[PDB]
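Below: final17.tsv (TSV, C-alpha atoms and all ligand atoms)
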```
chain	number	residue	atom	x	y	z
M	1	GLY	CA	71.34	-15.48	58.03
M	2	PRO	CA	69.37	-15.56	54.77
M	3	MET	CA	66.54	-18.07	54.74
M	4	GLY	CA	67.58	-21.56	53.58
M	5	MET	CA	66.13	-23.51	50.72
M	6	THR	CA	63.09	-25.69	51.51
M	7	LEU	CA	61.94	-29.17	50.59
M	8	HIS	CA	58.89	-29.31	48.29
M	9	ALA	CA	56.04	-31.35	49.68
M	10	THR	CA	55.78	-33.60	46.55
M	11	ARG	CA	59.48	-34.46	46.64
M	12	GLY	CA	59.36	-35.36	50.33
M	13	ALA	CA	56.15	-37.36	49.85
M	14	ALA	CA	57.67	-39.51	47.14
M	15	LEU	CA	60.88	-40.13	49.12
M	16	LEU	CA	58.88	-41.11	52.21
M	17	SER	CA	56.69	-43.44	50.15
M	18	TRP	CA	59.83	-45.09	48.79
M	19	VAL	CA	61.31	-45.47	52.28
M	20	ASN	CA	58.10	-47.02	53.61
M	21	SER	CA	57.98	-49.44	50.63
M	22	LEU	CA	61.30	-51.00	51.83
M	23	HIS	CA	59.66	-52.26	55.04
M	24	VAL	CA	62.82	-51.73	57.11
M	25	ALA	CA	60.81	-50.06	59.88
M	26	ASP	CA	57.32	-49.01	60.96
M	27	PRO	CA	55.82	-46.31	58.69
M	28	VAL	CA	57.13	-42.76	58.79
M	29	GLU	CA	55.07	-39.74	57.83
M	30	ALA	CA	57.58	-36.87	58.02
M	31	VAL	CA	61.14	-36.53	56.75
M	32	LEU	CA	62.28	-35.35	60.24
M	33	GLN	CA	61.53	-38.88	61.49
M	34	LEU	CA	64.68	-39.98	59.53
M	35	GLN	CA	66.89	-37.71	61.67
M	36	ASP	CA	67.97	-40.53	64.06
M	37	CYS	CA	69.60	-42.35	61.07
M	38	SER	CA	68.14	-45.72	62.10
M	39	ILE	CA	66.27	-46.27	58.82
M	40	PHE	CA	69.26	-44.97	56.85
M	41	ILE	CA	71.51	-47.58	58.49
M	42	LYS	CA	68.98	-50.32	57.69
M	43	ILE	CA	68.87	-49.16	54.06
M	44	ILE	CA	72.71	-49.38	53.81
M	45	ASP	CA	72.56	-52.87	55.42
M	46	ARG	CA	70.01	-53.86	52.75
M	47	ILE	CA	72.32	-52.54	49.98
M	48	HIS	CA	75.34	-54.47	51.34
M	49	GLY	CA	73.51	-57.64	52.41
M	50	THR	CA	75.59	-57.35	55.63
M	51	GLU	CA	74.79	-56.52	59.30
M	52	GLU	CA	77.57	-53.88	59.98
M	53	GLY	CA	74.76	-51.37	60.64
M	54	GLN	CA	73.55	-53.36	63.70
M	55	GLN	CA	76.76	-52.37	65.61
M	56	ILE	CA	76.41	-48.68	64.71
M	57	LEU	CA	72.73	-48.52	65.87
M	58	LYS	CA	74.14	-48.71	69.44
M	59	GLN	CA	76.00	-45.41	68.91
M	60	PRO	CA	74.58	-41.85	69.35
M	61	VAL	CA	72.94	-39.97	66.48
M	62	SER	CA	76.08	-37.90	65.60
M	63	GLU	CA	78.06	-41.19	65.15
M	64	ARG	CA	75.23	-42.82	63.20
M	65	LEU	CA	75.13	-39.74	61.01
M	66	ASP	CA	78.89	-39.79	60.38
M	67	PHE	CA	78.56	-43.46	59.33
M	68	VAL	CA	75.82	-42.61	56.83
M	69	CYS	CA	77.65	-39.54	55.47
M	70	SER	CA	80.81	-41.69	55.14
M	71	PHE	CA	78.90	-44.33	53.14
M	72	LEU	CA	77.58	-41.65	50.77
M	73	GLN	CA	81.04	-40.11	50.35
M	74	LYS	CA	82.71	-43.52	49.80
M	75	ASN	CA	80.16	-44.56	47.20
M	76	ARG	CA	79.98	-41.38	45.07
M	77	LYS	CA	81.12	-41.37	41.42
M	78	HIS	CA	84.00	-38.88	42.24
M	79	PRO	CA	85.13	-39.61	45.86
M	80	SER	CA	87.78	-36.91	45.31
M	81	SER	CA	85.29	-33.99	44.96
M	82	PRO	CA	85.87	-31.09	47.42
M	83	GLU	CA	82.23	-30.31	48.33
M	84	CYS	CA	80.75	-33.13	50.44
M	85	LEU	CA	77.24	-34.11	49.40
M	86	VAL	CA	75.68	-33.84	52.86
M	87	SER	CA	76.08	-31.42	55.85
M	88	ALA	CA	75.98	-33.45	59.08
M	89	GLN	CA	75.63	-30.08	60.88
M	90	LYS	CA	72.39	-29.28	59.00
M	91	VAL	CA	70.96	-32.73	59.77
M	92	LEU	CA	71.66	-32.25	63.52
M	93	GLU	CA	69.90	-28.81	63.23
M	94	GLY	CA	66.79	-30.68	61.86
M	95	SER	CA	67.02	-29.81	58.13
M	96	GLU	CA	64.35	-31.81	56.29
M	97	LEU	CA	66.00	-30.62	53.04
M	98	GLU	CA	69.33	-32.20	54.01
M	99	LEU	CA	67.60	-35.42	55.16
M	100	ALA	CA	65.82	-35.55	51.77
M	101	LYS	CA	69.15	-35.27	49.97
M	102	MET	CA	70.35	-38.25	52.02
M	103	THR	CA	67.26	-40.22	51.19
M	104	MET	CA	67.49	-39.45	47.46
M	105	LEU	CA	71.14	-40.56	47.33
M	106	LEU	CA	70.23	-43.80	49.17
M	107	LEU	CA	67.46	-44.32	46.57
M	108	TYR	CA	70.15	-43.99	43.86
M	109	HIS	CA	72.44	-46.48	45.62
M	110	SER	CA	69.55	-48.89	46.29
M	111	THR	CA	68.56	-48.90	42.57
M	112	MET	CA	72.24	-49.62	41.59
M	113	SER	CA	72.34	-52.54	44.16
M	114	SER	CA	72.02	-56.37	43.75
M	115	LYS	CA	68.50	-56.28	45.12
M	116	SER	CA	65.60	-57.15	42.83
M	117	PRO	CA	64.10	-54.22	40.84
M	118	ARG	CA	61.37	-52.37	42.75
M	119	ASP	CA	57.78	-52.87	41.60
M	120	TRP	CA	57.22	-49.17	40.75
M	121	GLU	CA	53.58	-50.07	40.00
M	122	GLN	CA	52.95	-50.39	43.76
M	123	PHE	CA	52.89	-46.61	44.15
M	124	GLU	CA	50.00	-44.27	43.42
M	125	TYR	CA	50.53	-42.70	39.99
M	126	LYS	CA	51.39	-39.26	41.50
M	127	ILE	CA	54.20	-40.95	43.44
M	128	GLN	CA	55.37	-43.02	40.43
M	129	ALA	CA	55.54	-39.77	38.44
M	130	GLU	CA	57.63	-38.04	41.09
M	131	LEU	CA	59.93	-41.06	41.52
M	132	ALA	CA	60.43	-41.07	37.71
M	133	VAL	CA	61.45	-37.36	37.86
M	134	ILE	CA	63.75	-38.08	40.83
M	135	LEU	CA	65.48	-40.98	39.05
M	136	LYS	CA	65.79	-38.86	35.85
M	137	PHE	CA	67.56	-36.19	37.90
M	138	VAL	CA	69.97	-38.84	39.21
M	139	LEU	CA	70.61	-40.09	35.65
M	140	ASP	CA	71.17	-36.60	34.28
M	141	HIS	CA	73.27	-35.04	37.11
M	142	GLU	CA	74.65	-37.36	39.80
M	143	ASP	CA	78.06	-37.42	38.16
M	144	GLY	CA	78.32	-33.58	37.92
M	145	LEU	CA	80.45	-31.00	39.79
M	146	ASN	CA	77.60	-28.61	40.83
M	147	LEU	CA	75.56	-31.56	42.12
M	148	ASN	CA	74.98	-30.08	45.59
M	149	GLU	CA	73.48	-26.80	44.25
M	150	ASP	CA	71.61	-28.68	41.50
M	151	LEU	CA	70.11	-31.19	44.03
M	152	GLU	CA	68.94	-28.44	46.38
M	153	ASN	CA	67.31	-26.52	43.52
M	154	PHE	CA	65.63	-29.74	42.39
M	155	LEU	CA	64.29	-30.63	45.85
M	156	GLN	CA	62.86	-27.14	46.43
M	157	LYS	CA	60.97	-27.28	43.08
M	201	CL	CL	64.74	-49.32	45.21
```

Would you write the structure of this file as structure tokens?
Amino acid sequence: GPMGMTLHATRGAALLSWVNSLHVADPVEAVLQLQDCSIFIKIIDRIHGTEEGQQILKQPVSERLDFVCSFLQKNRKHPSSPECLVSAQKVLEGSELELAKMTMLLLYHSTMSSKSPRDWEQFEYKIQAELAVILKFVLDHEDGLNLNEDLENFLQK
């Protein structure tokens, strides 16, 4: 097939910095380290204030992944859209780009949650700048109908 779109280093670096700032796990340094969905489950648990995730951590990666993709589908602004936001297939094939889309959407849902506002000042300015751009993209597009294409173009930079 034609070559896929790629994740820009600055976009991945900011998303990883955000993930690490949640302290739901030991540090991660590459987006592929999110593939096992463990951190993603912990992030959803943090959003809910519940422990449902703890039961799903016992399941295999494909089941963990379905759980996360289901959360993202359930919580989108138009649950009735035909294109799903995330390809479970591409995640199982090791797509950092698809894992970054997951992480970005969980950033969105975290910022809309009951948790206290993040201290954005904790990040290096380069990272603050990228996070600002990421959250502006969410503001400007998350409720659109070409979101999937738009998000991929954004993440490739
Ligand atoms: Cl946050």

Mind checking which residues fall within 8 Å of range 11-15 of chain M, counting all atoms listed in the file, ignoring those fewer than 5 positions away in the same chain, and posting them as number ranges by chain?
M: 31, 100, 103-104, 127-128, 130-131, 155

Taking all atoms listed in the file into account, which residues have an atom no farther than 8 Å from ligand CL 201 (chain M)? I'd like them as an MDAnalysis selection string.
chainID M and resid 18 22 107:108 110:111 115 117:118

Keeping only C-alpha atoms, take the residues you just selected and write them out as a short mmCIF file (atom, residue, chain, number, x, y, z; two decimals), in the coordinates of the input.
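What follows is the written file part-v3.cif:
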```cif
data_model
loop_
_atom_site.label_atom_id
_atom_site.label_comp_id
_atom_site.auth_asym_id
_atom_site.auth_seq_id
_atom_site.Cartn_x
_atom_site.Cartn_y
_atom_site.Cartn_z
CA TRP M 18 59.83 -45.09 48.79
CA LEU M 22 61.30 -51.00 51.83
CA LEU M 107 67.46 -44.32 46.57
CA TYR M 108 70.15 -43.99 43.86
CA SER M 110 69.55 -48.89 46.29
CA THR M 111 68.56 -48.90 42.57
CA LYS M 115 68.50 -56.28 45.12
CA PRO M 117 64.10 -54.22 40.84
CA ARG M 118 61.37 -52.37 42.75
#
```

What is the distance, in Å and to one decimal place, between CA of residue 83 in chain M and CA of residue 149 in chain M?
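Taking CA of residue 83 in chain M and CA of residue 149 in chain M, their separation equals 10.3 Å.
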
Of M:36, M:124, M:152, M:26, the one nearest to residue 91 in chain M when counting only C-alpha atoms is M:36

Tell me which of M:102, M:79, M:96, M:150 sits closest to residue 8 in chain M, counting only C-alpha atoms.
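With only C-alpha atoms as the atom set, the closest residue is M:96.
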
Residue with smallest distance to residue 101 in chain M - pool M:7, M:19, M:65, M:132, counting all atoms listed in the file:
M:7

Distance criterion (all atoms listed in the file): nearest to residue 67 in chain M out of M:81, M:50, M:3, M:88
M:88

Gap from CA of residue 62 in chain M to CA of residue 39 in chain M - Å, one decimal
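Taking CA of residue 62 in chain M and CA of residue 39 in chain M, their separation equals 14.6 Å.
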
So which one's closest to residue 37 in chain M, M:64, M:76, M:23, M:90? Using all atoms listed in the file, please.
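Comparing M:64, M:76, M:23, M:90 against residue 37 in chain M, the winner is M:64.
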
Kindly indicate which residue among M:17, M:58, M:105, M:119 lies nearest to residue 138 in chain M, using all atoms listed in the file for the distances.
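Ranking M:17, M:58, M:105, M:119 by distance to residue 138 in chain M, first place goes to M:105.
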
What does the distance from CA of residue 53 in chain M to CA of residue 41 in chain M come to in Å, to one decimal?
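Taking CA of residue 53 in chain M as the start and CA of residue 41 in chain M as the end point, the length is 5.4 Å.
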
Would you mind listing what lies within 8 Å of residue 73 in chain M as a list in words, with only C-alpha atoms counted and same-chain residues fewer than 4 positions away left out?
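Everything that qualifies: residues 69, 79, 84 and 85 of chain M.
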
Residues within 10 Å of (64.6, -31.5, 62.5), file coords, only C-alpha atoms, listed as a compact mmCIF listing (two decimals) with C-alpha atoms, in the frame of the given file:
```txt
# COMPACT_ATOMS: atom_id res chain seq x y z
CA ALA M 30 57.58 -36.87 58.02
CA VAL M 31 61.14 -36.53 56.75
CA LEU M 32 62.28 -35.35 60.24
CA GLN M 33 61.53 -38.88 61.49
CA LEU M 34 64.68 -39.98 59.53
CA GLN M 35 66.89 -37.71 61.67
CA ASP M 36 67.97 -40.53 64.06
CA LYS M 90 72.39 -29.28 59.00
CA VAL M 91 70.96 -32.73 59.77
CA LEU M 92 71.66 -32.25 63.52
CA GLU M 93 69.90 -28.81 63.23
CA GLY M 94 66.79 -30.68 61.86
CA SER M 95 67.02 -29.81 58.13
CA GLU M 96 64.35 -31.81 56.29
CA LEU M 97 66.00 -30.62 53.04
CA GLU M 98 69.33 -32.20 54.01
CA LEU M 99 67.60 -35.42 55.16
```

How big is the axis-aligned box, and where does its centre sit, when it encloses all atoms of range 32-50 of chain M listed in the file and has 8 Å added on every side, reported in Å to one decimal as AutoDock Vina command-line options?
```
--center_x 68.6 --center_y -46.5 --center_z 57.0 --size_x 30.1 --size_y 38.3 --size_z 30.1
```
